[PDB]
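First up is the structure itself, then whatever we jot down about it.
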Amino acid sequence: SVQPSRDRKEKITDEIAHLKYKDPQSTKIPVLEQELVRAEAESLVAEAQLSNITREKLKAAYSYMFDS
Amino acid sequence: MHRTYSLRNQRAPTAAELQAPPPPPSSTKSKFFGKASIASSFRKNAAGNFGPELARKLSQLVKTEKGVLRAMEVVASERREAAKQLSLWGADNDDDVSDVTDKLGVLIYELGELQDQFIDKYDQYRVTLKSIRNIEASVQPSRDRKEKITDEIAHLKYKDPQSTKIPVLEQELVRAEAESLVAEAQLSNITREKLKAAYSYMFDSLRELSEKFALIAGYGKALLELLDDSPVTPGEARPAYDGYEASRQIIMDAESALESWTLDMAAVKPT
Amino acid sequence: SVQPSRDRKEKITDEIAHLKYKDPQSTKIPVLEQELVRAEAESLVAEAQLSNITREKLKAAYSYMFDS
């Protein structure tokens, strides 16, 4: 479920880079810059919990597995 | 607006209307649609047909101002022809009328040119209105994602609390909560700053057009002073016109006040 | 004769922008950056004399033409 956000983020930076290369006066770049920040906070919050849940779940699962 | 304390639609007359009674309604009340032909009217419904729900009103709003621009383009261009035709008629008239009329055509020509600059600045205000439309329309899909998320978690919880998708859907709700929160705050920020800047610029353009309109109107009143209204009896010749340089100097003062207009000075002083 | 240098310069900045957009690790960008400076001094020296020669030649030509 985390993966599609990474897809969205790289698509966002790809579009803003391509549009900026074409012309800096494009009207879509003002909203694409905020869209990058949009996805930045978006991805950041669950990237942190992804590490949290992976660590806690792997520790619990393998402690239970080694208990078995 | 100003309305009277009556069920009647008519309002209390203004002090200006007290000195001069209002004229009868214009005879151009066409018995037709009367709203920029049909294509604009059909276009108006099209904005709210296949657009994002959040930006449906703004999608109408920015494009509605295009209807202002298109209609004002006709007004500026077609009134421009009136100055063309007015000064043309000055030929088949006496010299005094000819000089006054073609000079009036110059002043009306300036009226049209200043209008065109107003439409240009109006387009800029429309453009930034399109920009706030764009970001608000970009905000809408996140609202779609959020309500879909809470709908799914509510339905899954209703079906069974043991579903494995609910542990990740709860975090997905928090996911979208922070997601939506950050740009909801900046959406209010950008809407406030952009609307304030756009309408300050728009009212600056309105003030610019208004004071220029008034300056040319008053100097046209001074121009009209060189127009004899004496009722000359038939059979007697007319003295030759002599206010050629006086009307020429009037334009120079008009141009001098025209080229010396800065926003620091303002004759209009609101209380 | 000045025009081809302008062609070379815009081609240079176009290539470095495109290569930088593709990847910053490209080996051609280290030499393309210097190529931009290369063409910068290249174009600068005769842009200045282009203004000089245009001014002097136009003044002399039209003074002679008005003398005629």
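Residue numbering restarts at 1 for every chain of the structure tokens, chains are lettered A, B, ... in their displayed order, and ligands are numbered from 1 as they appear.
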Contacts from chain A to chain B, 10 Å maximum, only C-alpha atoms: show me the residue list as a PDB file with N, CA and C atoms, in the first residue's frame.
ATOM      1  N   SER A   1       0.817  -1.209   0.000  1.00  0.00           N
ATOM      2  CA  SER A   1       0.000   0.000   0.000  1.00  0.00           C
ATOM      3  C   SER A   1       0.853   1.262   0.000  1.00  0.00           C
ATOM      4  N   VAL A   2       2.073   1.181   0.532  1.00  0.00           N
ATOM      5  CA  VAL A   2       2.978   2.326   0.518  1.00  0.00           C
ATOM      6  C   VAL A   2       3.461   2.609  -0.901  1.00  0.00           C
ATOM      7  N   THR A  27       1.679  27.380 -16.318  1.00  0.00           N
ATOM      8  CA  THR A  27       0.787  27.593 -15.186  1.00  0.00           C
ATOM      9  C   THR A  27       0.642  26.361 -14.303  1.00  0.00           C
ATOM     10  N   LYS A  28       1.019  25.180 -14.791  1.00  0.00           N
ATOM     11  CA  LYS A  28       0.907  23.962 -14.000  1.00  0.00           C
ATOM     12  C   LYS A  28       2.043  23.788 -13.003  1.00  0.00           C
ATOM     13  N   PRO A  30       3.305  26.200 -10.831  1.00  0.00           N
ATOM     14  CA  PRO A  30       2.932  26.718  -9.501  1.00  0.00           C
ATOM     15  C   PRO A  30       2.173  25.719  -8.645  1.00  0.00           C
ATOM     16  N   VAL A  31       1.284  24.928  -9.241  1.00  0.00           N
ATOM     17  CA  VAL A  31       0.553  23.930  -8.470  1.00  0.00           C
ATOM     18  C   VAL A  31       1.337  22.624  -8.345  1.00  0.00           C
ATOM     19  N   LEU A  32       2.248  22.343  -9.282  1.00  0.00           N
ATOM     20  CA  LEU A  32       3.063  21.136  -9.176  1.00  0.00           C
ATOM     21  C   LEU A  32       4.109  21.256  -8.075  1.00  0.00           C
ATOM     22  N   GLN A  34       3.674  22.880  -5.209  1.00  0.00           N
ATOM     23  CA  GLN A  34       2.919  22.551  -4.007  1.00  0.00           C
ATOM     24  C   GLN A  34       2.538  21.078  -3.988  1.00  0.00           C
ATOM     25  N   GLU A  35       2.296  20.490  -5.163  1.00  0.00           N
ATOM     26  CA  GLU A  35       2.004  19.062  -5.223  1.00  0.00           C
ATOM     27  C   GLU A  35       3.195  18.232  -4.763  1.00  0.00           C
ATOM     28  N   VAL A  37       5.383  19.256  -2.438  1.00  0.00           N
ATOM     29  CA  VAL A  37       5.321  19.377  -0.982  1.00  0.00           C
ATOM     30  C   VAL A  37       4.164  18.548  -0.430  1.00  0.00           C
ATOM     31  N   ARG A  38       3.010  18.613  -1.097  1.00  0.00           N
ATOM     32  CA  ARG A  38       1.859  17.761  -0.827  1.00  0.00           C
ATOM     33  C   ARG A  38       2.271  16.306  -0.638  1.00  0.00           C
ATOM     34  N   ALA A  39       2.883  15.726  -1.673  1.00  0.00           N
ATOM     35  CA  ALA A  39       3.328  14.340  -1.607  1.00  0.00           C
ATOM     36  C   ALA A  39       4.499  14.146  -0.652  1.00  0.00           C
ATOM     37  N   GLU A  40       5.285  15.193  -0.390  1.00  0.00           N
ATOM     38  CA  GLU A  40       6.414  15.057   0.526  1.00  0.00           C
ATOM     39  C   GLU A  40       5.938  14.751   1.941  1.00  0.00           C
ATOM     40  N   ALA A  41       5.029  15.574   2.471  1.00  0.00           N
ATOM     41  CA  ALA A  41       4.451  15.282   3.780  1.00  0.00           C
ATOM     42  C   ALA A  41       3.624  14.005   3.734  1.00  0.00           C
ATOM     43  N   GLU A  42       2.868  13.819   2.649  1.00  0.00           N
ATOM     44  CA  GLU A  42       2.105  12.595   2.429  1.00  0.00           C
ATOM     45  C   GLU A  42       2.971  11.357   2.629  1.00  0.00           C
ATOM     46  N   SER A  43       4.069  11.261   1.876  1.00  0.00           N
ATOM     47  CA  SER A  43       4.917  10.076   1.942  1.00  0.00           C
ATOM     48  C   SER A  43       5.671   9.995   3.265  1.00  0.00           C
ATOM     49  N   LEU A  44       6.041  11.145   3.835  1.00  0.00           N
ATOM     50  CA  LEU A  44       6.895  11.148   5.019  1.00  0.00           C
ATOM     51  C   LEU A  44       6.212  10.484   6.210  1.00  0.00           C
ATOM     52  N   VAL A  45       4.926  10.777   6.424  1.00  0.00           N
ATOM     53  CA  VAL A  45       4.261  10.313   7.641  1.00  0.00           C
ATOM     54  C   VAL A  45       4.205   8.785   7.688  1.00  0.00           C
ATOM     55  N   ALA A  46       3.868   8.140   6.572  1.00  0.00           N
ATOM     56  CA  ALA A  46       3.763   6.690   6.585  1.00  0.00           C
ATOM     57  C   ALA A  46       5.069   5.989   6.252  1.00  0.00           C
ATOM     58  N   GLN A  49       6.087   5.481   9.802  1.00  0.00           N
ATOM     59  CA  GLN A  49       5.358   4.389  10.440  1.00  0.00           C
ATOM     60  C   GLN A  49       5.626   3.064   9.740  1.00  0.00           C
TER      61      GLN A  49
END
Residue hits in chain C, query chain A, radius 10 Å, only C-alpha atoms, as an NGL selection string: :C and (14 or 17-18 or 21-22)
For N, CA and C atoms, I'd like the residues from the last selection saved as a tab-separated table (two decimals), in the first residue's frame.
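Result went into selection-v5.tsv, see below:
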chain	number	residue	atom	x	y	z
C	14	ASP	N	20.98	23.89	-24.18
C	14	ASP	CA	19.93	22.89	-24.36
C	14	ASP	C	20.46	21.50	-24.01
C	17	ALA	N	21.14	21.18	-20.18
C	17	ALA	CA	19.88	21.08	-19.45
C	17	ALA	C	19.24	19.71	-19.62
C	18	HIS	N	19.23	19.20	-20.86
C	18	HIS	CA	18.63	17.89	-21.10
C	18	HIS	C	19.42	16.78	-20.41
C	21	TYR	N	18.81	16.93	-16.71
C	21	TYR	CA	17.49	16.38	-16.42
C	21	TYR	C	17.50	14.86	-16.45
C	22	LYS	N	18.20	14.27	-17.42
C	22	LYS	CA	18.26	12.81	-17.52
C	22	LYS	C	19.00	12.21	-16.32
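You will find CA of residue 158 (chain B) at 26.8 Å from CA of residue 50 (chain A).
Take CA of residue 77 (chain B) and CA of residue 121 (chain B): the distance between them is 16.5 Å.
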Contacts of region 205-220 of chain B at 10 Å (only C-alpha atoms; same-chain gap of 4+ positions) as a PyMOL selection string: chain B and resi 100+103-104+107-108+110-112+114-122+125+199-201+224-225+247+250-251+253-255+257-258+261-263+266-268
Spatial neighbours of region 61-67 of chain B, max dist 8 Å, only C-alpha atoms, sep filter under 6 positions, as a VMD selection string: chain B and resid 36 40 44 123 126 to 127 129 to 130 133
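Among the candidate residues A:52, A:68, A:57, A:29, the one lying nearest to residue 15 (chain A) is A:29, with distances computed using only C-alpha atoms.
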